[PDB]
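The data below hold one chain only, encoded as structure tokens and taken in the form deposited in one PDB entry.
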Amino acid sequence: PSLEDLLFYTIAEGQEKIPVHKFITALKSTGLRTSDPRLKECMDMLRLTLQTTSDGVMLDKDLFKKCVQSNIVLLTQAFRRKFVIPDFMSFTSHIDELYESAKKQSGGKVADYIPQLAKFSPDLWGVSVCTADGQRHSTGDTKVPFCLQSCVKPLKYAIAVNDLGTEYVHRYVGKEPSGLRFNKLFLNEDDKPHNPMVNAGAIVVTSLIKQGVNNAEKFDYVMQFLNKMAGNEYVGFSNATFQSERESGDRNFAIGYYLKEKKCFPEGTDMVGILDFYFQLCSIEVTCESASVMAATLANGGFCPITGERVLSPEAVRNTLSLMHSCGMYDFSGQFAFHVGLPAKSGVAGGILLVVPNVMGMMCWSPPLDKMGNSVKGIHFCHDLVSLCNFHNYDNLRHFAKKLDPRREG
């Protein structure tokens, strides 16, 4: 027997030469992208076989074997429908309808409190999917960068817990929602911020990461970390957003000074610098595509699905998902957890980083916010998404009424 030969016969279809475009089309049908880093040896070898000839361009079993040998494990599970979403082409047409249905919710106000969130057009709308297996799909404005803002809060929390542990991190930050009563209070009863997802909590978490080095290396290290989280897809920085966030962060300076007075920072913290680092971390830029890979890493137990690298420890991902569940959508967190039941995190730029554990990661983006700070189209999409699929954290995998389950084929 031989696995490269088996794969060849199921794609060759009784024929005895496979055109290269027919293998690439079959490959995209799985949902993988030709630029998937795990396929680079096979793509490199197709580029090198495509130097021998403009004439022919077809692959027999040993030229097919010559190329796919290196990636045969990953290619066969794609072609034997063993990915988390077997009929991925069906699923993306459901993603497309959902996207078109939110695209009609043109309500909401674009954030204007700094001129950089204000440049953004209110009709921009993108959705990007990445599954725990690296199947990819985008629809809308998924390759235009925008700032993470508070979507960076779960990421730096994950980094902090990954490096220092749950017990150290939560000496300085709570792990509960504050209650739809104390959005205005900075501290709880043990004089810690309520959770890493609020501004007081995020600011303390920022003070914990890579202590003892300067802000340039702290920022470089986090940029490093989000690079592995996004499988090296687009991660950037908006100094324009950075400069406006700092000439307007009077609430954040208030929080910083309060926390300094309540001794909420580690010993030896230069608070005003932490606020500068914090403003930098919220001006980091992503696209829907690159952010959905960050989301997919959290959906995949800490392994980036398009590279296979272990990026976060399982304790760090669990905590971050646990706190995205309950504190992730500002004053909407309770309603979102009840009706949508997915770990999610909103930001004022209009992104909603969304995680379906064991299935997929996503980044929705539309700048118009609702009265609570969450993207109107984004919020609409997540209700529709869970209304269509048994993706709700407490849906049942066996008895789920008339909803659809993309993890299965029949």
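Numbers for residues come from their place in the sequence shown, where the first is 1.
Although not depicted, the form deposited with a small molecule bound is the subject of the following passage.
Undergrad: I need the one stretch from 211 to 219, 278 to 286, 295 to 303, 88 to 96 whose residues put non-hydrogen atoms within 4.5 angstroms of the small molecule in the entry with it bound.
TA: Only one stretch passes the 4.5 Å heavy-atom test: 278 to 286.
Undergrad: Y330 versus the small molecule, in the entry with it bound: is there a non-hydrogen atom within 4.5 Å?
TA: Although the small molecule is absent here, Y330 would touch it in the entry with it bound, with heavy atoms inside 4.5 Å.
Undergrad: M58 near the small molecule in the entry with it bound, any heavy atom under 4.5 Å?
TA: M58: no, not in contact with the small molecule in the entry with it bound.
Undergrad: For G347, is any heavy atom within 4.5 Å of the small molecule in the entry with it bound, or not?
TA: Although the small molecule is absent here, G347 would touch it in the entry with it bound, with heavy atoms inside 4.5 Å.
Undergrad: Please check if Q135 has a heavy atom lying within 4.5 Å of any heavy atom of the small molecule in the entry with it bound.
TA: Looking in the entry with it bound, residue contacts with the small molecule do not include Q135, since no heavy atom lies within 4.5 Å.
Undergrad: Among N252, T139, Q116, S313, which has at least one heavy atom within 4.5 Å of the small molecule in the entry with it bound?
TA: If I apply the 4.5 Å criterion carefully, the residue I get is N252.
Undergrad: Only one of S290, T131, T206, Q149 has a non-hydrogen atom within 4.5 angstroms of the small molecule in the entry with it bound; which is it?
TA: Going through each option in turn, the one that passes is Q149.
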